[PDB]
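Remarks on the structure that follows.
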Amino acid sequence: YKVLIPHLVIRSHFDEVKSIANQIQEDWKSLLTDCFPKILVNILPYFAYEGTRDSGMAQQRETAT
Amino acid sequence: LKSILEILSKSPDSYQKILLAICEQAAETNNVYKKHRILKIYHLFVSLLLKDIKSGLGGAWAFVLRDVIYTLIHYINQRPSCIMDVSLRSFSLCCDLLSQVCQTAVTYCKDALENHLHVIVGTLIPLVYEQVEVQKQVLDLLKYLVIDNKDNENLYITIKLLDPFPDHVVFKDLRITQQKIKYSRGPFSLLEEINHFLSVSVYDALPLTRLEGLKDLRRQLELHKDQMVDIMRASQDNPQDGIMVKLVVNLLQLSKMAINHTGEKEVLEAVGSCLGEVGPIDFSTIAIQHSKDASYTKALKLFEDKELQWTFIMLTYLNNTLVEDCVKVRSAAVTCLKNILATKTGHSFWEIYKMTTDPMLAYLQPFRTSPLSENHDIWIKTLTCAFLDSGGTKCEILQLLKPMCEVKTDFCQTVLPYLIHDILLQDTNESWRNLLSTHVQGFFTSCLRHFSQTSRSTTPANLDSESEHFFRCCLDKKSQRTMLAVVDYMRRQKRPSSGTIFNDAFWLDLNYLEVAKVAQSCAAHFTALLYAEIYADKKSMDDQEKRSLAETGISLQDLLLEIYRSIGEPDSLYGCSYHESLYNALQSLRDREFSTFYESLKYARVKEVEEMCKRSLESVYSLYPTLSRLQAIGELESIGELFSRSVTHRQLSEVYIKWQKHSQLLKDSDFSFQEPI
């Protein structure tokens, strides 16, 4: 859990960065990976919605990157 | 992957826009709902994480900054209503850092375009009603005029294009005089004929310039350090013979004559920094030797009246909030801003929101916002021994008083938020550290009734003895002893007694030599005379007690006589390398056709700068010798023209008329005033 929280933040950041559609095959693979990771723990979307501070931090990190 | 975010980050921008719009703009909607203040703090931390290499990644840093600026400009609707002061502070900090770090042959176009975007925002300004800090930052930006390139001057003109806008003439009539007087330099086309016309219009619509000139000087005093105003002000006011006449007429007043004192304070400001021309700036005042009847300095910050609306320690709460607002510089202060964000404890909902909406600062500061373990206090009273051992006898007063801060962090469990803020604030500088130390120690030791009789009656005396016994510090022991001011003013609230001497007896250790000798070393007559009278009264009371029951006290009269001799008053004294300077001055002034007049003027300037540096604390009398030296500088300036150009018709007669006028002005003087003259 203590590392899954940061792992969940990193996975959200990676999905936000790889949800592009320029490259067909890479984009489809990244979208499938993001869809499989959201339903992996089965509480990832609810946790991301409840974590307003985590979402703000992820948005700030994406803007800085 | 990072190269796309660095250079190719043009289509990823619209991609992230589509991402945040997938949920019907919910991302930015929640960002606006949460006021995005935490997001701006995170962006400030990211910007602080920068500054590793000026070149190289500097381009990517500028790209990220421009992207943040674009995302900030994308919505202008509720940004002025939500947050403006923090954004203005960040912009001012980034601009001054740019101006201080920029050098020759640098990629200045990126920061030039950033400043262009800032000016575009300032010109758009949907809420055209701007505040005073905006104009302050504008005036601070317009200071850079000497080493700027031609393109930079063109950009500064494009910035100044906001000046000829005739809407909201209030701030114009306020600061156009300052904007014009900031042009004291000579080589230019002055580039602001419109601003000069506006200044002339402001000066002519009100056909008066004498006392409103001093009022404009007062309005200039509240600006920043570098002004470069006094030279032109003196050159414009000194030829006006009505100023001194009306001052002599209005000599029947009682106060408000500290113009020269405020000028000297502004000169004492920013001494260790560059631009040492403050000396020659102040030396332009040749209309002197008339502001008298001023014993010493006075008080300031009249906001204390509005501060004393809350009866309890909430005044100290407001003072702490003001200090927190003042701590806004760089790293180790964004942690203070996070602590401010953490001040939303139970007290914020209980007592803080009582009267934090009426005052002026409360119109913009607090609306952005909105129980711990317990221990004992015996080990700290035991460690007071090592606390006293680490008191003084060592240099580096910063890390010498840091142990005092570590000892004061021991929470006296009476009020929670004070201790919470003391524990959270471990990054501030020594001034704020000493202020918080004095305040918290005083209040909590006054709240302590059982441990103050033992520790707070012996430890301070031992500290004073160790600090006085031939082991002192570089003037910081004075700021340490400033605790006595809080003891005499704020600490006397609790323990209600009709006697202030009794309150001082309850609080302090009642020493007799560990304070008088400190006052004599500090050369501050105020506390010297105060504690002298207090100790005289205490000795009288002790003698009365001894008679009722039935050094060395008597020699203190010699110390009192020494104090009276150190004051400099005629009723207090007895009522109870200039030879070489004159030599070189005469040598420079022993030839009529001699070009060393400028050399003599520079010598006089250097000597007066040395005299100013030697005159510390700006509280001792006898500034009239330096005033007469300024008069002599002016006389030498006049003689340099008289020796060269006396042709047409008796200009020396007009010079002698001016001399007679000056002598009539100096009729209100005495020996110590006229003998050097």
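In the structure tokens, chains take the letters A, B, ... in the order shown, each chain's residues start at 1, and ligands count up from 1 in the order shown.
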
Per residue of chain B within 7 Å of chain A, which atom pair is closest and at what distance in Å (one decimal), using only C-alpha atoms, listed by chain and increasing number, as JSON lines?
{"residue": "B:5", "atom": "CA", "partner": "A:65", "partner_atom": "CA", "distance": 6.5}
{"residue": "B:15", "atom": "CA", "partner": "A:20", "partner_atom": "CA", "distance": 6.8}
{"residue": "B:39", "atom": "CA", "partner": "A:60", "partner_atom": "CA", "distance": 6.3}
{"residue": "B:42", "atom": "CA", "partner": "A:60", "partner_atom": "CA", "distance": 6.6}
{"residue": "B:43", "atom": "CA", "partner": "A:60", "partner_atom": "CA", "distance": 6.8}
{"residue": "B:64", "atom": "CA", "partner": "A:64", "partner_atom": "CA", "distance": 6.6}

Margin query: Taking only chain A into account, list the residues labelled helix (DSSP H, G or I) by DSSP (computed from the backbone), as number ranges by chain.
Written below: A: 4-18, 24-38, 44-50, 52-64

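Excluding residue 448 (chain B) and any residue on its chain fewer than 2 positions from it, the residues at most 12 Å away by only C-alpha atoms are residues 377, 411, 412, 413, 414, 415, 440, 441, 442, 443, 444, 445, 446, 450, 451, 452, 453, 454, 455, 456, 494, 495, 506 and 507 of chain B.
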
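Shell of residue 33 (chain A) at 12 Å, with only C-alpha atoms counted and residues fewer than 3 places along the chain excluded, is residues 11, 12, 14, 15, 16, 18, 19, 26, 27, 28, 29, 30, 36, 37, 38, 39 and 40 of chain A.
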
Shell around region 49-56 of chain B at 10 Å using only C-alpha atoms, local window under 2 positions removed, as an MDAnalysis selection string
chainID B and resid 43:47 58:61 101:102 106:107 331

Take the residues that were just selected and, keeping N, CA and C atoms, output them as a compact mmCIF listing (two decimals), in the first residue's frame.
# COMPACT_ATOMS: atom_id res chain seq x y z
N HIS B 43 3.68 24.53 -8.64
CA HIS B 43 4.42 25.11 -9.75
C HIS B 43 5.60 25.95 -9.25
N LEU B 44 5.41 26.65 -8.13
CA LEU B 44 6.50 27.42 -7.54
C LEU B 44 7.61 26.49 -7.06
N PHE B 45 7.24 25.36 -6.45
CA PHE B 45 8.24 24.37 -6.05
C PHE B 45 8.97 23.77 -7.25
N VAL B 46 8.26 23.53 -8.35
CA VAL B 46 8.91 23.04 -9.56
C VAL B 46 9.89 24.08 -10.10
N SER B 47 9.51 25.36 -10.07
CA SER B 47 10.40 26.42 -10.53
C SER B 47 11.62 26.53 -9.62
N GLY B 58 18.22 25.33 -19.70
CA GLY B 58 17.55 26.62 -19.58
C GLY B 58 16.50 26.83 -20.65
N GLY B 59 16.74 26.31 -21.86
CA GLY B 59 15.73 26.41 -22.90
C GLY B 59 14.46 25.65 -22.56
N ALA B 60 14.61 24.42 -22.06
CA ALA B 60 13.45 23.65 -21.64
C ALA B 60 12.74 24.31 -20.46
N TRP B 61 13.51 24.92 -19.56
CA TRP B 61 12.91 25.64 -18.44
C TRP B 61 12.08 26.82 -18.93
N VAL B 101 20.52 37.85 -12.51
CA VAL B 101 21.34 36.77 -13.06
C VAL B 101 21.77 37.02 -14.50
N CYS B 102 20.97 37.75 -15.28
CA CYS B 102 21.28 37.96 -16.69
C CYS B 102 22.63 38.65 -16.86
N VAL B 106 23.77 36.31 -23.49
CA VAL B 106 22.85 35.30 -23.00
C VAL B 106 21.63 35.25 -23.92
N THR B 107 20.91 34.13 -23.86
CA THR B 107 19.69 33.95 -24.64
C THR B 107 18.57 34.73 -23.95
N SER B 331 13.16 30.05 -1.43
CA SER B 331 13.15 28.79 -0.70
C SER B 331 13.37 29.04 0.79

Original post:
Hey, what's within 8 Å of region 282-297 of chain B if we count only C-alpha atoms and toss same-chain stuff fewer than 3 positions away? As a list in words, please?
Top reply: residues 230, 231, 234, 235, 238, 244, 248, 254, 255, 257, 258, 263, 264, 267, 278, 279, 605, 619, 620, 624, 627, 630, 631, 634, 666, 668 and 673 of chain B

Selected residues written out with N, CA, C and O atoms, as an mmCIF file, in the first residue's frame:
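Done, and the output landed in out34.cif:
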data_model
loop_
_atom_site.group_PDB
_atom_site.id
_atom_site.type_symbol
_atom_site.label_atom_id
_atom_site.label_comp_id
_atom_site.auth_asym_id
_atom_site.auth_seq_id
_atom_site.Cartn_x
_atom_site.Cartn_y
_atom_site.Cartn_z
ATOM 1 N N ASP B 230 16.559 62.466 -4.577
ATOM 2 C CA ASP B 230 16.921 63.606 -3.742
ATOM 3 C C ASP B 230 17.795 64.622 -4.466
ATOM 4 O O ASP B 230 17.671 65.820 -4.200
ATOM 5 N N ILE B 231 18.666 64.180 -5.377
ATOM 6 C CA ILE B 231 19.527 65.121 -6.093
ATOM 7 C C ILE B 231 18.685 66.095 -6.911
ATOM 8 O O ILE B 231 18.847 67.318 -6.812
ATOM 9 N N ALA B 234 16.517 68.405 -4.673
ATOM 10 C CA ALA B 234 17.274 69.517 -4.110
ATOM 11 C C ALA B 234 17.617 70.545 -5.179
ATOM 12 O O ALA B 234 17.496 71.752 -4.944
ATOM 13 N N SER B 235 18.033 70.089 -6.364
ATOM 14 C CA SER B 235 18.362 71.021 -7.436
ATOM 15 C C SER B 235 17.152 71.820 -7.901
ATOM 16 O O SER B 235 17.323 72.907 -8.463
ATOM 17 N N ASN B 238 16.037 74.058 -3.976
ATOM 18 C CA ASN B 238 16.989 74.990 -3.380
ATOM 19 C C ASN B 238 16.972 76.360 -4.057
ATOM 20 O O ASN B 238 16.998 77.378 -3.352
ATOM 21 N N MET B 244 12.495 78.074 2.163
ATOM 22 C CA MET B 244 13.067 78.389 3.468
ATOM 23 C C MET B 244 12.272 79.479 4.178
ATOM 24 O O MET B 244 12.133 79.450 5.405
ATOM 25 N N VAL B 248 10.581 78.986 7.805
ATOM 26 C CA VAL B 248 10.804 79.872 8.944
ATOM 27 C C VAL B 248 9.475 80.393 9.478
ATOM 28 O O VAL B 248 9.289 80.539 10.692
ATOM 29 N N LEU B 254 5.173 71.900 15.893
ATOM 30 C CA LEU B 254 5.715 71.082 16.968
ATOM 31 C C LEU B 254 6.372 69.793 16.501
ATOM 32 O O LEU B 254 7.195 69.241 17.234
ATOM 33 N N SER B 255 6.040 69.299 15.313
ATOM 34 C CA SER B 255 6.557 68.014 14.855
ATOM 35 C C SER B 255 6.550 68.005 13.327
ATOM 36 O O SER B 255 6.404 69.055 12.693
ATOM 37 N N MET B 257 9.077 67.190 11.144
ATOM 38 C CA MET B 257 10.280 67.771 10.562
ATOM 39 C C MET B 257 11.369 66.731 10.330
ATOM 40 O O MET B 257 12.552 67.087 10.283
ATOM 41 N N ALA B 258 11.002 65.458 10.183
ATOM 42 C CA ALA B 258 11.958 64.370 10.042
ATOM 43 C C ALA B 258 12.251 64.019 8.586
ATOM 44 O O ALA B 258 12.535 62.855 8.287
ATOM 45 N N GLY B 263 15.477 60.659 5.021
ATOM 46 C CA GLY B 263 16.486 60.554 3.979
ATOM 47 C C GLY B 263 17.722 59.806 4.444
ATOM 48 O O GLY B 263 18.258 58.959 3.724
ATOM 49 N N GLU B 264 18.184 60.101 5.661
ATOM 50 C CA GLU B 264 19.325 59.384 6.218
ATOM 51 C C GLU B 264 19.006 57.911 6.442
ATOM 52 O O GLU B 264 19.873 57.053 6.245
ATOM 53 N N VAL B 267 19.247 56.274 3.149
ATOM 54 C CA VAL B 267 20.652 56.103 2.791
ATOM 55 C C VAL B 267 21.268 54.931 3.548
ATOM 56 O O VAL B 267 22.027 54.144 2.969
ATOM 57 N N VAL B 278 24.389 56.570 -2.908
ATOM 58 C CA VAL B 278 23.451 57.140 -1.946
ATOM 59 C C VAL B 278 24.075 58.286 -1.164
ATOM 60 O O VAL B 278 23.366 59.212 -0.751
ATOM 61 N N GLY B 279 25.390 58.259 -0.962
ATOM 62 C CA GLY B 279 26.091 59.353 -0.336
ATOM 63 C C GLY B 279 25.902 60.651 -1.096
ATOM 64 O O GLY B 279 25.291 61.602 -0.597
ATOM 65 N N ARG B 605 33.188 64.727 -0.955
ATOM 66 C CA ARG B 605 32.184 63.666 -0.990
ATOM 67 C C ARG B 605 32.671 62.429 -0.245
ATOM 68 O O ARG B 605 31.921 61.819 0.524
ATOM 69 N N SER B 619 21.215 58.977 15.733
ATOM 70 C CA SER B 619 20.518 59.499 16.904
ATOM 71 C C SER B 619 21.294 60.559 17.667
ATOM 72 O O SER B 619 20.679 61.292 18.452
ATOM 73 N N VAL B 620 22.604 60.675 17.470
ATOM 74 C CA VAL B 620 23.383 61.681 18.177
ATOM 75 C C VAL B 620 23.193 63.041 17.511
ATOM 76 O O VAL B 620 22.888 63.148 16.320
ATOM 77 N N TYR B 624 25.185 69.463 12.486
ATOM 78 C CA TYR B 624 25.385 70.804 11.957
ATOM 79 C C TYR B 624 26.796 71.029 11.416
ATOM 80 O O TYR B 624 26.956 71.818 10.479
ATOM 81 N N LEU B 627 26.359 69.650 8.073
ATOM 82 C CA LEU B 627 25.494 70.561 7.329
ATOM 83 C C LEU B 627 26.272 71.776 6.831
ATOM 84 O O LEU B 627 26.107 72.205 5.681
ATOM 85 N N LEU B 630 28.308 70.702 3.906
ATOM 86 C CA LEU B 630 27.506 70.733 2.683
ATOM 87 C C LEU B 630 27.348 72.160 2.169
ATOM 88 O O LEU B 630 27.427 72.410 0.957
ATOM 89 N N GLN B 631 27.114 73.108 3.080
ATOM 90 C CA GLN B 631 27.059 74.514 2.691
ATOM 91 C C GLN B 631 28.372 74.960 2.059
ATOM 92 O O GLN B 631 28.375 75.717 1.083
ATOM 93 N N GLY B 634 28.570 73.682 -1.464
ATOM 94 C CA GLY B 634 27.810 74.567 -2.339
ATOM 95 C C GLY B 634 28.527 75.879 -2.609
ATOM 96 O O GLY B 634 28.507 76.395 -3.731
ATOM 97 N N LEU B 666 20.013 81.994 8.502
ATOM 98 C CA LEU B 666 20.767 81.397 9.598
ATOM 99 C C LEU B 666 20.751 82.239 10.867
ATOM 100 O O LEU B 666 21.564 81.986 11.764
ATOM 101 N N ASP B 668 18.620 82.127 13.177
ATOM 102 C CA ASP B 668 18.171 81.265 14.267
ATOM 103 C C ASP B 668 19.230 80.186 14.481
ATOM 104 O O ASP B 668 19.097 79.042 14.045
ATOM 105 N N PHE B 673 26.458 76.289 16.046
ATOM 106 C CA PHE B 673 25.884 76.296 14.709
ATOM 107 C C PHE B 673 26.638 77.216 13.755
ATOM 108 O O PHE B 673 26.776 76.894 12.570
#

Skipping near chain neighbours, those fewer than 3 positions away, what residues fall within 12 Å of residue 77 (chain B) using only C-alpha atoms, listed as a tab-separated table (two decimals) with C-alpha atoms, in the first residue's frame?
chain	number	residue	atom	x	y	z
B	32	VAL	CA	-10.93	26.36	-10.28
B	72	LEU	CA	-2.59	30.82	-16.97
B	73	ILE	CA	-3.71	33.26	-19.68
B	74	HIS	CA	-6.14	30.71	-21.16
B	80	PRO	CA	-8.34	38.23	-10.46
B	81	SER	CA	-11.17	37.39	-8.06
B	82	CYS	CA	-9.40	34.27	-6.77
B	83	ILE	CA	-5.69	35.16	-6.48
B	124	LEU	CA	-5.65	43.25	-21.30
B	125	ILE	CA	-6.49	43.44	-17.55
B	126	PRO	CA	-10.26	42.71	-17.70
B	127	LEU	CA	-10.57	44.21	-14.20

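The coordinates place CA of residue 403 (chain B) at 18.1 Å from CA of residue 378 (chain B).
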